[PDB]
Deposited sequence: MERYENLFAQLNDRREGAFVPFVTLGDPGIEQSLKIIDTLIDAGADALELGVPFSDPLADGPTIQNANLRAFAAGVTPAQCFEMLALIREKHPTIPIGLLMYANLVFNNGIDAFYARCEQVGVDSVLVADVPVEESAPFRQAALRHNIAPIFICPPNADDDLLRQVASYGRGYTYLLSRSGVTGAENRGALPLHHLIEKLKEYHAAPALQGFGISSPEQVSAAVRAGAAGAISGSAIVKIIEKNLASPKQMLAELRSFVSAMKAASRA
């Protein structure tokens, strides 16, 4: 019940969530674990974590290159699940969500994938290239293993899609800021937020192109439960590859500032 408990706590404090994304194992397993511990210590309310995939079609160059760095370090999904077990062992209540591409879930059995998620203590899975129309075996397996299946509400969602996302999803609703792929350089709605609430959808987190405190504050002021930032975070990793301690300091400053903005 980790998302449910988180959002209840945040609501009682009149607070929005700030949720960073990073790629598991970027730039290496040990440094990735330290990065993630730093995100949490700096105020992350939840995590979105990518499992490196060869062809990430919803991602722009920043996160493409994060995947490549992880592969250069020899990271596999098996090693990602080892990492996840370690993260959960340290941090018992923080919601952990995975960003997956369909083939990694489908590969050697959908049910078996979500079973592995449950064993390591994952709370949600977002499969980026599975729309609600194709989602049945994924969300069924997810719910069977006490995992929240995450679905996307795009800016031009019609009413049928709003109702489907409200009914099928759990944990949180992903509120897409804009079309396109992930990217800081490309910056990105009250009607959607109000409709999701009307249909009793899981609380909305806005994502794509959120790289500044101002955008986080704007998300929460518009009524979203919080915001997700990926490329902005990953850029700090990419910039400081030769300076691991400076990397963590800049990560800490950024995450702290973004979290502060969620209190607006």
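Coordinate coverage of the deposited sequence breaks at 1, 190-192, these segments carrying no C-alpha atoms.
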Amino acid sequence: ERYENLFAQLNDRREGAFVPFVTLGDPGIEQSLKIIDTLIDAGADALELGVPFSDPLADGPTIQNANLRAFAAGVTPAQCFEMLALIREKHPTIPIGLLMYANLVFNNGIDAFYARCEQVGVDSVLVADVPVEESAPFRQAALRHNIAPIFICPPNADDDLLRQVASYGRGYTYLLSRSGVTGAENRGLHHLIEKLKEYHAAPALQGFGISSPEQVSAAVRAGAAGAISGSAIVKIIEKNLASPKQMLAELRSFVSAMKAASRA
From here on, numbers count along this sequence of modelled residues.
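Superpose the two forms; the largest set of C-alphas matching within 1.5 Å is the rigid core.
Averaged as a root mean square over residues and superposed structures in 8 other deposited structures of this protein, CA distances to the shown form are larger in 228-236; the pair compared was 228-236 and 44-52 with a core fit. For the cut-off of one third of the other compared entries, residue 185 qualifies: that many or more give it no coordinates while modelling its flanks. On average the C-alpha atoms of 161-169 have higher B-factors than those of the other stretch, with 161-169 and 134-142 being the two compared.
Mean CA temperature factor is higher for 235-243 when stretches 235-243 and 64-72 are set side by side in the entry. For the set 117, 110, 184, 128, the PDB entry puts the maximum C-alpha B factor at 184. For the set 226, 43, 50, 207, the maximum C-alpha B-factor listed in the entry falls on 43.
Residue-level temperature factors show residue 98 in the lowest third of its chain, judged at the C-alpha atom. Annotation for residue 86: C-alpha temperature factor in the middle third relative to the rest of the modelled chain, per the entry. Among the modelled residues of the chain, residue 220 sits in the highest third by CA temperature factor in this PDB entry. The deposited CA B-factor of residue 32 belongs to the middle third of values across its chain. In this PDB entry, the Cα temperature factor of residue 156 sits in the top third of its chain's modelled residues, the highest group.
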